[PDB]
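Right, one structure below, let's go through it.
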Amino acid sequence: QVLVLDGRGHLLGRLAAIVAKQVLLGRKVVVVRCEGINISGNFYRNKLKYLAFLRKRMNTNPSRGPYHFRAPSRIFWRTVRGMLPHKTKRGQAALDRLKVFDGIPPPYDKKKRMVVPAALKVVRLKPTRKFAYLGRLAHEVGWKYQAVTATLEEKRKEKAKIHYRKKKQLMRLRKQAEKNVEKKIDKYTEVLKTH
Amino acid sequence: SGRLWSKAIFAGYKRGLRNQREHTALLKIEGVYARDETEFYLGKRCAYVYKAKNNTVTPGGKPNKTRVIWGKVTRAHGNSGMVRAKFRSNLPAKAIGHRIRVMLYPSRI
Amino acid sequence: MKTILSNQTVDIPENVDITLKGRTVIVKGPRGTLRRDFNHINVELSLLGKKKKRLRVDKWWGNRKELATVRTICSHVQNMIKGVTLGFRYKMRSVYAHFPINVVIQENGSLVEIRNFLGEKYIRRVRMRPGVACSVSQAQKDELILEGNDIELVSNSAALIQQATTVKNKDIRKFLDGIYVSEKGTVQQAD
Amino acid sequence: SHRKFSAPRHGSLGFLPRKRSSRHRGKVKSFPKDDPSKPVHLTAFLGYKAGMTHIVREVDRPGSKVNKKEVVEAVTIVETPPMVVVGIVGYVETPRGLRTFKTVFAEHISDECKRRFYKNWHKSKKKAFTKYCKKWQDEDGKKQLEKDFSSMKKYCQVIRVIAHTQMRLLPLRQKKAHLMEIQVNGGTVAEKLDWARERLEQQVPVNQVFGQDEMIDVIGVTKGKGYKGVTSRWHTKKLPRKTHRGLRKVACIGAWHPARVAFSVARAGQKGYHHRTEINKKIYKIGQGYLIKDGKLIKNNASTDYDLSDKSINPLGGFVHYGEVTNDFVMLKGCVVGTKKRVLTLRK
Amino acid sequence: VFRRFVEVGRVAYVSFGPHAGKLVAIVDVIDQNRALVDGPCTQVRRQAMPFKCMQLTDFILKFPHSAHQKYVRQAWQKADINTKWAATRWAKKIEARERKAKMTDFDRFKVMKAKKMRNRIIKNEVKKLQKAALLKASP
RNA sequence: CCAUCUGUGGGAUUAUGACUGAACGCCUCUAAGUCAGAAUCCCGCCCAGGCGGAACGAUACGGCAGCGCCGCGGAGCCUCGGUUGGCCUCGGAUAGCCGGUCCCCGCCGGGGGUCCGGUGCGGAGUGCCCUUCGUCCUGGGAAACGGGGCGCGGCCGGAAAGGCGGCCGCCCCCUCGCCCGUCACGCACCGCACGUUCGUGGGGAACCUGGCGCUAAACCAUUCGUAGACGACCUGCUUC
RNA sequence: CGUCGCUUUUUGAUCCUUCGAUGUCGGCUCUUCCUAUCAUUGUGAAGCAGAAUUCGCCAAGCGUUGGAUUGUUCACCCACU
RNA sequence: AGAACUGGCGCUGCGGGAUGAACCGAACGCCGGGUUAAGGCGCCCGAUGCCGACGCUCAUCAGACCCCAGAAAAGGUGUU
Ligand SMILES: [Mg+2]
Ligand SMILES: [Mg+2]
């Protein structure tokens with residue numbers, strides 16, 4: 001149906017290249033919490049080449065021309081857009097299957113979220129080399145919604161403690177509930193053939 | 001009752017970079033992502049099933065809006081679990097990204 | 001080159017006990033407690049043995065700019081051990097020509113309000129890093145004392161006084177006026 | 001190449017779309033942000049500029065050469081009938097900006113408000129808010145109306161207030177109330193919201209909102225000047241007399257290789273009727289108008305401490321193209337955006 | 001934190017490659033990423049395997065620094081590495097993982113029926129532990 | 001400017017000067033980690049508001065007509081796509097996970113000792129349904145909650161885009177909603193495709209068909225002149 | 001004394017495009033861009049006491065005029081800055 | 001600007017060089033299956049989604065593939 005990729009710990013182009021391949025193959029991919037996407041190289045280097053992007057402005061009127069987006073949901077969405085054939089109708093239809101959300105909205109906060117170990121910083125960056133966060137390089141360029149997102153992030157996660165608190169309570173029960181067995185005739189085939 | 005076929009999406013046609021060849025398709029059969037494990041699917045009949053607004057069946061008692069384009073799996077394509085299939089028409093290019101239907105029929109297992 | 005490991009040790013005396021949460025270091029001692037995270041530096045820390053209290057920092061394979069930082073770890077830990085038993089005391093003195101520099105302490109040993117620097121009417125309020133203490137010295141002219149546990153907060157505080165007192169648009173080889181650091185010692189002496 | 005003599009740009013590109021505004025009443029683009037340690041208060045207020053006079057005041061500026069002398073200064077006067085609070089709007093912040101949470105309007109809304117909800121009041125059956133007024137009295141809609149202040153109090157972080165002008169008290173021939181939506185920037189969201197439920201369908205005077213010598217910002221729409229050319233819209237130097245086909249034109253409107261007319265060049269179009277916010281307009285006097293009929297009518301405006309006459313700020317002959325001021329007024333040092341008889345939002 | 005090292009005598013498991021799934025005993029490290037290994041009792045002889053292939057276990061052997069095949073063999077079966085590898089929970093997981101892959105179609109029926117059978121018993125009994133816990137807190 | 005009025009602050013930082021500090025047993029602004037930092041940069045203020053989204057109001061009688069809302073079956077028209085769902089900790093990576101006695105936070109949460117596991121088995125290489133052909137006869141094991149609901153009545157949780165969910169009381173009802181076994185049956189269509197779902201989907205047009213309710217407003221025309229090339233825009237038009 | 005580059009705001013060398021035609025000097029008017037920085041902001045160095053200057057650095061945000069002669073670009077002079 | 005030798009373009013499509021007269025492969029009747037050359041194989045874009053091997057390198061202007069489309073002398077207790 002729809003796959004949900006949590007975006008923290010991921011590199012920008014390593015994640016957006018895989019997402020752009022899946023979206024051409026018919027799937028519907030939703031990249032969620034794209035404030036914490038990383039990008040390799042230190043912060044000042046990634047900050048300079050984004051400011052070099054901002055002055056890519058057409059001279060005669062900048063209203064027509066390059067639309068420099070500032071939220072990191074649209075920083076990511078534009079990176080996917082350059083890895084899709086978007087001037088064709090095959091790639092117009094591709095970018096409609098991608099819905100990228102900054103933060104985690106309530107249709108997608110109670111789903112289970114997936115990661116891509118191809119694009120993780122821990123996997124792919126050597127640990128002694130520097131990386132920049134997509135959140136605060138969005139903050140330094142005109143994205144004015146960092147504080148009101150990170151307030152809603154810690155409101156989301158405190159409610160996400162109280163669910164996981166009572167979910168590990170329930171599996172402490174059904175593992176104490178299976179202490180009193182009375183069913184070992186059914187353990188016989190599973191232990192013999194991988195429980 | 002249940003699904004007697006394996007899921008596969010239609011990726012495109014056999015192509016270089018500029019020109020493409022329409023007579024052979026290539027498929028991403030699901031769950032196989034290597035060239036060593038694709039040997040099961042060779043020779044399998046596969047189908048693209050779709051809808052129209054006129055009516056046709058072969059046994060089905062009354063013609064419905066469902067119709068099909070048959071074909072079969074020819075060989076493997078690259079190291080990464082892809083598969084090329086030769087149909088009997090060409091795929092309409094409307095089907096890029098949509099699924100096809102890979103059966104189990106000409107089986108040696 | 002990718003060498004087989006190096007290792008510095010740090011002996012700890014009895015009045016201070018290092019516990020480690022991970023690469024974080026927790027140093028409790030006589031005159032307080034202070035902590036640093038070293039979660040950016042990619043090394044294993046190991047305190048070994050009761051009753052002797054030796055810390056063993058060692059880095060597996062590593063290269064020459066990664067081998068440079070194993071000595072950097074243990075010399076931040078040795079300043080956390082010195083600063084929690086002895087403390088840090090950076091005495092500093094005011095150097096002045098014609099104009100006496102008038103330095104007062106406004107908020108409880110935290111803010112320093114410097115006026116009459118070289119005849120200027122603009123006061124200079126320098127707010128310090130939390131953990132240091134201001135003091136006009138005794139039995140000595142024009143001396144200021146800073147006391148604290150952490151060397152990077154005292155010495156940064158000692159630099160904000162000296163940097164605010166900067167002579168501008170002048171020959172700075174004459175006009176040698178400013179409040180410069182003069183001694184690097186401890187709160188408790190001789191331990 | 002290289003003009004041989006540098007000039008600066010003619011006109012500012014900060015006001016580029018020299019367009020008719022999409023509004024007649026000035027929109028507040030930004031209310032002042034609050035710290036909730038303050039007492040609870042409104043921030044803006046609607047007014048009507050009536051005309052201008054001038055003043056004599058003993059100026060006090062130590063250091064200056066004007067000090068302890070009398071100066072004349074041009075003032076405008078802005079007639080302010082009191083606002084009547086009608087609605088309460090909540091706003092919850094999203095990562096897509098502020099979003100309206102919900103609105104609750106007054107029990108019985110006035111007639112000058114309901115005229116604003118119609119482009120043809122004469123062809124109307126005046127059926128607006130007939131089903132909505134009943135839920136204040138019907139108990140089933142009322143016990144959820146009290147829920148939708150408790151949902152308001154829990155979730156939305158800034159609340160505002162819908163008020164309007166009492167257009168019966170003006171000499172204007174309009175009678176539609178100007179319905180504004182202004183922010184209460186006081187304390188916490190409980191105190192901010194029970195200060196607005198307390199005062200639905202009640203009046204708010206201007207001295208409860210503003211004060212004497214409390215410098216504010218004036219927002220309005222300018223004097224519309226019509227479709228004028230380059231030499232009036234942008235103040236470009238006229239061409240010399242010998243010019244064929246026209247004097248009052250901008251001569252070179254670009255180079256060859258950008259091969260397109262740039263946005264930063266001057267050309268003809270609509271001058272005036274633009275939305276502007278003036279800044280730092282000091283209030284000189286909050287006059288109040290025409291009290292009770294026992295002391296048959298105290299006119300008594302414009303009556304300074306040194307005058308002691310029975311004067312009133314409506315001048316001898318009435319304000320030109322406005323009418324005659326009978327309500328409270330604000331007088332402001334300096335020029336103010338607008339024509340006479342024009343709505344303008346005074347704002348902190 | 002780094003509780004198992006490479007060492008002369010460290011028993012490594014082999015994950016992939018031409019010897020995937022058989023133990024080796026590390027004999028000598030040669031250079032930085034290649035180790036000389038062998039398993040004499042587990043059918044893999046003396047050669048140089050990469051460290052990225054091998055999986056370190058917690059078994060050590062006291063044989064000399066790069067001895068012959070005999071002396072490694074005597075250290076292997078005195079300490080009884082092949083039977084102590086049977087009584088570990090990590091070889092029970094590779095045993096269980098290959099029992100599930102050779103699980104036939106008829107056994108996949110017999111697994112299915114007894115799997116839904118024991119989940120009825122737990123779900124009706126974990127309901128009874130819910131049914132008692134609310135009865136603790138109602139007084 | 002030939003009269004008068006107004007012109008607005010924050011951030012990360014450059015240059016640079018430093019702090020701690022190794023490499024190189026000293027030293028060192030740098031290598032890891034920090035500090036100050038500007039007519040620059042970016043935002044705020046200000047100007048416009050997207051084939052960008054909200055909240056709310058009123059929602060067509062008259063003389064027949066007419067329109068929403070719920071409960072309905074009955075057909076044909078078009079667009080086609082899918083063939084079971086996972087109902088969620090934060091995160092670390094030279095480290096983490098589970099269970100836990102004690103002393104602190106309005107009968108729940110913070111810490112540490114201890115016991116666990118760990119190429120993760122309290123493992124989305126996984127998990128619960130399930131590969132359910134149905135029914136009858138007929139015995140065991142398991143289970144004393146019944147499970148679907150057009151039910152009726154209740155509460156209270158989820159505002160970041162809540163349109164979702166949970167608990168409870170009465171109820172026509174089931175006592176076959178599981179596993180093993182005994183028994184015999186239903187399209188056994190005579191080897192063969194698009195079968196099997198989501199789905200009594202999405203959009204539209206009409207009718208026989210139950211109740212609940214509803215009775216407006218835009219544009220022109222006229223007027224105004226805070227507005228105007230023309231459109232647009234701002235207004236008025238009550239039998240006082 | 002050498003010697004290594006850069007730039008295409010000079011002049012040439014070239015003759016690829018244009019001969020069924022690309023309106024050809026200068027001034028006026030107006031816009032935007034570059035830095036190889038005159039001034040202004042922050043700095044570093046002097047054979048920097050102050051004052052005045054010079055040499056560098058981040059730096060193109062913002063400014064860089066009024067005239068007499070000359071068709072002049074250029075030049076030169078007066079005056080302000 | 002002007003010669004020598006050979007091949008090309010002009011008269012010539014096609015695969016690769018993003019793009020292209022002349023470069024690198026290769027020359028062409030209309031098709032089906034197989035294989036390759038030059039060139040490639042993150043995603044546009046067919047093919048490394050190999051548990052590829054070994055090192056070198058951090059740039060506040062990194063680097064990145066014949067012709068071919070940007071740099072020298074000099075210098076660095078930057079690392080090897
Ligand atoms: Mg705004
Ligand atoms: Mg050749």
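The chains in the structure tokens are called A, B, ... from first to last as shown; in each chain the residues are counted from 1, and the ligands are counted from 1 in the order shown.
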Within 12 Å of ligand 2, counting only C-alpha atoms (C1' of nucleotides) and all ligand atoms, which protein or nucleic acid residues do you find, written as an MDAnalysis selection string? chainID H and resid 7:8 23:25 38 66:67
Would you mind exporting the chosen residues as a PDB file, in the first residue's frame, restricted to C-alpha atoms (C1' of nucleotides)?
ATOM      1  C1'   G H   7      43.081   7.916 -42.729  1.00  0.00           C
ATOM      2  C1'   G H   8      38.628  10.535 -42.409  1.00  0.00           C
ATOM      3  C1'   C H  23      37.147  11.945 -31.857  1.00  0.00           C
ATOM      4  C1'   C H  24      36.623   6.197 -30.189  1.00  0.00           C
ATOM      5  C1'   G H  25      34.132   1.646 -32.125  1.00  0.00           C
ATOM      6  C1'   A H  38      34.005   1.462 -27.935  1.00  0.00           C
ATOM      7  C1'   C H  66      41.025  10.760 -25.556  1.00  0.00           C
ATOM      8  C1'   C H  67      40.229  15.100 -28.910  1.00  0.00           C
TER       9        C H  67
END
Taking only C-alpha atoms (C1' of nucleotides) and all ligand atoms into account, which residues have an atom no farther than 10 Å from ligand 1? I'd like them as a ChimeraX atom specification. /D:27-31 /F:44-46
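Among the candidate residues F:219, F:58, F:31, F:67, the one lying nearest to chain D is F:58, with distances computed using only C-alpha atoms (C1' of nucleotides).
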Tell me which protein, DNA and RNA residues are within 10 Å of residue 58 in chain H, counting only C-alpha atoms (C1' of nucleotides), leaving out same-chain ones fewer than 4 positions away, and put them as a ChimeraX atom specification. /A:41-42,129-130 /H:62
In Å and to one decimal, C1' of residue 183 in chain F is distant from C1' of residue 136 in chain F by 8.6 Å
Using only C-alpha atoms (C1' of nucleotides), which residues sit within 7 Å of residue 276 in chain D once same-chain residues fewer than 2 positions away are excluded, as a ChimeraX atom specification? /D:219-221,274,278
What does the file look like for those residues with C-alpha atoms, as a PDB file, in the first residue's frame?
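Contents of selection10.pdb, as written:
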ATOM      1  CA  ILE D 219      -1.966  51.447   8.630  1.00  0.00           C
ATOM      2  CA  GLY D 220      -4.081  52.475   5.680  1.00  0.00           C
ATOM      3  CA  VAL D 221      -4.563  52.624   1.929  1.00  0.00           C
ATOM      4  CA  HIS D 274      -1.552  51.178  -2.218  1.00  0.00           C
ATOM      5  CA  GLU D 278       3.330  54.451   8.558  1.00  0.00           C
TER       6      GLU D 278
END
Might you pull out every residue within 9 Å of residue 299 in chain D, with only C-alpha atoms (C1' of nucleotides) counted and same-chain residues fewer than 6 positions away left off, and present them as a ChimeraX atom specification? /D:289-291,310-313,326
